[PDB]
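One structure follows; several queries about it will come next.
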Amino acid sequence: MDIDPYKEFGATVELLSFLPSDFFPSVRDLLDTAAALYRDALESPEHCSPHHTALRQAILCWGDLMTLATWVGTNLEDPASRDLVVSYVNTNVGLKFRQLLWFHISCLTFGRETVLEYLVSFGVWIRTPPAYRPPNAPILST
Amino acid sequence: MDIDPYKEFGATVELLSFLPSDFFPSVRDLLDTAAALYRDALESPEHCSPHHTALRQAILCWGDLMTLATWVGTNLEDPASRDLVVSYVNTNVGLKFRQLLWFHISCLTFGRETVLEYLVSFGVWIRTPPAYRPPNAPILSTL
Amino acid sequence: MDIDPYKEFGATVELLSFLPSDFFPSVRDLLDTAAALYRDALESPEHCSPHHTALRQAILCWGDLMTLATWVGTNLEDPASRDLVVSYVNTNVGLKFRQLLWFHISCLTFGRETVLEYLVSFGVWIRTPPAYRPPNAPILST
Amino acid sequence: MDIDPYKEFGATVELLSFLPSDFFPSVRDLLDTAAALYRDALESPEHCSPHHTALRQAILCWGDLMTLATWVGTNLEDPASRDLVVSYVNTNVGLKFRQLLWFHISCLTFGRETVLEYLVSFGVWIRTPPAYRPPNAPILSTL
Amino acid sequence: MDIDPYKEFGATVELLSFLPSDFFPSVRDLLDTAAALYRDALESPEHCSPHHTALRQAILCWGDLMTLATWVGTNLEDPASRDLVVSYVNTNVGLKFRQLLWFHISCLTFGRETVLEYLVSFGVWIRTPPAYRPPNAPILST
Amino acid sequence: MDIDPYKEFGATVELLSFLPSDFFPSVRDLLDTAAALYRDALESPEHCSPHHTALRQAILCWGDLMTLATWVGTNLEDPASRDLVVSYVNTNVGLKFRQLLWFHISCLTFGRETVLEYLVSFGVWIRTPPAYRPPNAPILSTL
């Protein structure tokens, strides 16, 4: 039972792996943006959209992960393990949660088609040599 | 934030708490029925239903957690802490995943209203003292 | 000014005294059920139903009682009184609040007529000798 | 839970707090006017009004509390603690029952909108400094 | 850029200076009244009225002032300054916030025209010698 | 109470927190543009708009705070505490007044929807890592 989280929204991991791992903003920033622009419709009793249902599950799961992190941080006596698993969550789980939260928050702000074309437009731009690419990097709009 | 995993589905965490932790089947037997009944809907390019999206995200997160578990298992250098956090993943995390998987699979199988009426009825029966509790517990069945 | 709490809902204390004092589930369980299935319509600014207005007053009053209990538990120096009144609230006030909360929560879940007939159906069953009664005890439904 | 005894009646606990604790008449004089004006509606098999149901439950609860009080009085074996908790029932519980009885009896007598406008007006008058406070306090009257 | 807060509501500082500085009830009482009769429509996402928008800003600003007061009360080592600025906020800023909150809360309860005439009716009464004025001081109504 | 200065204007404090404290211009340059563009609307006997009323109250409150500041300056007898609380007024209070003035002036100038879309876009750009952040930051302009 292997399932791409991005498959039902017309994306793929290979498409989000197209943008640099340094292009996705932090989990804190992404979570704060979700809290500022969409906290009410994320705590609503309705299936606002397929993009809303996914973001809710994602936030709850990152929460579970950080809870595990704190449990290791308090209930492990060993300082070696206590560091290792928390640094593993913060970075190795960090990227795939940064790509998930970025993608769904962007499809809410700018629309799915706008975010699926920015993934191909910005990706093909980063690959064009700088002497031949529009001087300014793409950004999301409207 | 204060989001409830069951709020969009007519339920809440405390409504599902009408069932004891012993009621819910194992994660492995929940994933075994997800693959047996809905592997072609889960692995498809369609948002069949909200339940389908939620269950997909849930399976992918259980996967991430178990991967953490295996990583701590093969990459940690202290047997005692390794063991102690793998206990966290299988038990202290397992109960809430066995309830989210249980709800989304049973809703796909019997329909949302049915599963919610079932929660309410099982609740009435478990609050009934055992000396007066009829020996047929409520059950979800296709009939 | 002597008033039966169950009189306006077609019941009587003699009718609720028909079911065993061990048949009513605990105050904690009843309060948790009210919180899980009806907390929103109990905190609403409307007279949802005559059954809703009564349950609200009941919860608030059990609250007052448990507050008195804690006041005895903290502000009485004497351990004898401090035990005695709290055990008196937990058991002697416990049953009549278990019957009240059970009755109104059941009339919300299953309907008043359904709960008034279950009180006569289950009562007459417990009195029939076991060799001649349907093998399975009644339960509330629909 | 966070239920307000006045929320279904267009009021709140802090709206009724516009009146000082000294304003409310005694529990015994509140029960004396409940029996004088509405013993046949309170003791009936009809839910005349939401106010009637609320007042019924209230009287039955004051009764339970006073029964506790008398029980602690005749069954406790320490005069000091007995006395000290009977003080709790008559004073520290009495104020909120003298305000719930006061509101439901005055609403039955003058109608809900009247009683609420009265709360607001008495509030305006009590916030007015005494040097400028007109000597006629607001009052509920049948006219 | 000098602006009367009362100018857009048909009042003036000279009109509110007409009633004694002892006639306005305390900030605590005024704030409690706002919390009891209008807390929901003051926390709403709509411009309920020009009188509502002003009261919100006023409450938030008195809050800022009392925050400054507590900052002096905790972060100043000197007990002389720590007393002086807090007593200055409580009394010298106290009156103009008591007049503001009174005025807007009254225009909500009794209507703007009712509160603008009570300011002239009560003011002219306090100035009439007691032998020739209606025996009872005016009060707001309806 | 829990009132938000931006809740009636389609915004919230955490939505405006998409912009860093360094972004907002000085209080004096905010008051200089308020007088340059809207001194005849602010000083008028009309409630032109909700924005106008809010900005009026805001300016009058900044005035009160600065007056406190000057009073502590000329009337306090300890240079150290005087200085230390004037720092409070100009810095620890200045940021939230430079954001309330900034929002109400920019809404008067460009219209509410524009300013809110701008907050969202600037947010997207600031969350973008600098290595991929296009050198044109978003800006409000009459065009």
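Every chain is named by a letter (A, B, C, D, E and F) in the order it is written, and numbering of its residues begins at 1.
Note that in this section a contact is a pair of C-beta atoms (placed from the backbone, for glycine too) under 8 Å apart; a residue touches a chain by one contact, two chains touch by 3 or more.
**Student:** Looking only at C-beta pairs that count as contacts, which pair of chains has more of them, A-F or C-D?
**Tutor:** Answer to which pair has more contacts is C-D.
**Student:** Taking the mean of the CA coordinates per chain, how far is chain A from chain B in Å?
**Tutor:** Going by mean C-alpha positions, chain A sits 24 Å from chain B.
**Student:** Compute the distance, rounded to whole Å, between the mean C-alpha positions of chain B and chain E.
**Tutor:** It comes to 56 Å between the two C-alpha centres.
**Student:** List the centre-to-centre spacing of chain D and chain E in whole Å, with centres computed as mean CA coordinates.
**Tutor:** Result: the chain centres lie 32 Å from each other.
**Student:** Residues touching two or more other chains, restricted to chain E: which are they?
**Tutor:** Touching at least two other chains: 35.
**Student:** Following the ring of touching chains from chain E through chain F, in what sequence do all chains appear?
**Tutor:** The ring, traversed starting at chain E in the chain F direction, is E, F, A, B, C, D.
**Student:** Within the complex, which stretch of chain E touches chain D?
**Tutor:** Chain E residues touching chain D: 20, 22-26, 29-30, 32-33, 35-37, 106, 109, 122, 126, 136-141.
**Student:** Flag every residue of chain F that touches chain A in the complex, lowest number first.
**Tutor:** Touch residues, chain F against chain A: 12, 14-15, 17-18, 120-121, 123-125, 127-129, 131-136.
**Student:** Going by the contact rule at the top, pick out the chain B residues touching chain A in the complex.
**Tutor:** Listed in rising order, the residues are 1-5, 7-8, 10, 31, 34-35, 39, 42-47, 50, 53-54, 56-61, 64-65, 68, 71-72, 75-78, 80-82, 84-85, 88-89, 92-93, 96.
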